[PDB]
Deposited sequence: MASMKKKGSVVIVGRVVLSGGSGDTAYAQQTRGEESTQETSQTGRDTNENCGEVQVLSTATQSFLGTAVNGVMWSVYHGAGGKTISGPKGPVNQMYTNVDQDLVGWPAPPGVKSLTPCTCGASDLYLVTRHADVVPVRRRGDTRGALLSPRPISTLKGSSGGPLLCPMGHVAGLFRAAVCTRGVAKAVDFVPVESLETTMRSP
């Protein structure tokens, strides 16, 4: 009934999060580990110090947030306005993405949806290594991902 940290992706470190049935990612920004509601629901983040309740819960935007667990360093928000981004997956892959709006980004090369499955909550990074967005959904046709939908980093504030 809680979310557990089961690993990380070393870039800054993205957290690999798991429930009893699902696994996804968590990205710390502004002292808050953000993730997606469709993975974590309203569940707490567990750990040796005891369960911690979510401090942010938005079902409409599919965005949730816990206070960053001790040791989870926050990534730097992107302020350079880059349009060439990089999606970090749970498998440490770094998929180039061309931003085509506030919440959308086109893939330079279509990827099978299976390779992006489980990477919701991962960051989209700019050429400087700063987080410009948070992976939420994929634009899928014939089982192939041609674009992604993400929560803009501007929405990841206190």
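**Asked** Which residue ranges of the deposited sequence are not present in the modelled coordinates?
**Response** Gaps vs deposited seq, in order: 1-7, 19-51, 199-203.
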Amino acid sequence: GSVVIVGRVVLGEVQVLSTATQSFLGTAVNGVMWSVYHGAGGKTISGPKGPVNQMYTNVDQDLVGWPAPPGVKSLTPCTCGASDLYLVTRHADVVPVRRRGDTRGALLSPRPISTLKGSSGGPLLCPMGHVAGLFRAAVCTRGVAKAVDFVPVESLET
From here on, numbers count along this sequence of modelled residues.
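**Item:** Between the two ranges 54-62 and 116-124, the one averaging a larger CA B factor in the entry
**Value:** In the deposited entry, the stretch with the higher C-alpha B-factor mean is 54-62.
**Request:** With reference to the PDB entry, specify whether the mean Cα temperature factor is higher for 104-112 or for 30-38.
**Result:** Stretch with the higher mean C-alpha B-factor: 104-112.
**Item:** Third of the chain's Cα B-factor distribution that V16 belongs to, per the entry
**Value:** Within its chain, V16 is a lowest-third residue by C-alpha B-factor, going by the deposited values.
**Asked** Mind checking which third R99 falls in for C-alpha B-factor across the chain?
**Response** For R99, the deposited C-alpha B-factor lands in the highest third.
**Request:** Would you mind ranking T141 by its C-alpha B-factor against the rest of the chain and naming the third, lowest, middle or highest?
**Result:** CA B-factor rank for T141: highest third.
**Request:** Taking the values exactly as deposited, rank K49 by C-alpha B-factor within its chain and report the matching third: lowest, middle or highest.
**Result:** Within its chain, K49 is a highest-third residue by C-alpha B-factor, going by the deposited values.
**Request:** Quick one: classify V6 as lowest, middle or highest third of the chain based on its Cα B-factor.
**Result:** Within its chain, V6 is a lowest-third residue by C-alpha B-factor, going by the deposited values.
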